[PDB]
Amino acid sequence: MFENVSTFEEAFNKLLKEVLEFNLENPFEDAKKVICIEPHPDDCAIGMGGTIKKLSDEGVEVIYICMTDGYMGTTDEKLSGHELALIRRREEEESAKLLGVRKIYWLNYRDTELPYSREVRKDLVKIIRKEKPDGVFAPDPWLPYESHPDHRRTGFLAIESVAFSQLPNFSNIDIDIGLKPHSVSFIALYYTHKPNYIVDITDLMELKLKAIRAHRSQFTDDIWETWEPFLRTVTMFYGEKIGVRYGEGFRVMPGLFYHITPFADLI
């Protein structure tokens, strides 16, 4: 096979088009149920809140997994992390209602303390096998200069957990209690410097910002003086790539390209 192509460029295009059937025309078109994985309460709204409302409005069931409890998100010396986590849970329930999301799984690892371990893969794999989502969204763990370990670990653990949910010897007691292996159809990484699919969110921008500001403990007015400019600059970064005012960017690749593929950066 692949004996009659003559150049690498020809093989490459034939591998993507024919063998992997990859395309970026509308990667989310067939989804019925997706899971959006966030490191902290508010990252699904920040990274992809317009696209979550577009999906919910088309009748896609969007479920969150939140990896941590947001305990550390305050500079108030009188607000304990326990009290903040309870406040953030209610904030995310109000944000998610605005975006059409009706189910959140809380892993409850402490903020700044998310482990990078098989145990946390097992939590993700248990929920993937229970819910059988078509798509999974998570942060791109290769974002340049990303300095928060919870973000880098969420992205790597989500990619690994999507792969290992298909393997019956990984977390085998799930198979023994009736949670069968599941093969997700696509992963999409948000918070990405290298998007290859952009969703125009220009007419949902105000709704997105409203869903973000529902995390009131995080976005005081003072903080918003910097964050609204930031968030509009990011959405213009994405939207300008497809000639629209505001966009949300995602990186999607064939499953093969997440492993031993030396030209994965050509898409």
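Each residue number is its position in the shown sequence, starting from 1.
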Item to complete: Report the stretch with the higher mean CA temperature factor, choosing between 26-34 and 220-228 on the basis of the entry.
Response: 26-34
Practice prompt. Could you check which stretch, 39-47 or 238-246, carries the larger mean CA temperature factor in the entry?
Written response: 238-246
Worksheet item: What's the residue among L157, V101, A138, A85 with the greatest CA temperature factor in the PDB record?
Response: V101
Item to complete: Tell me which of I127, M72, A96, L167 tops the list for C-alpha B factor in the record.
Response: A96
Worksheet entry | For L266, the third of its chain into which the C-alpha B factor falls | highest
Discussion item. Ranking the modelled residues of this chain by C-alpha B-factor as given in the entry, is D134 in the lowest, middle or highest third?
Written reply: middle
Worksheet, complete the sentence: Quick tally, chain-level thirds of C-alpha B-factors: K78 sits in the highest
Item to complete: Place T233 in the lowest, middle or highest third of its chain's C-alpha B-factors, as listed in the PDB entry.
Response: middle
Worksheet entry | Entry-reported Cα temperature factor of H182, expressed as the chain third it lands in | middle
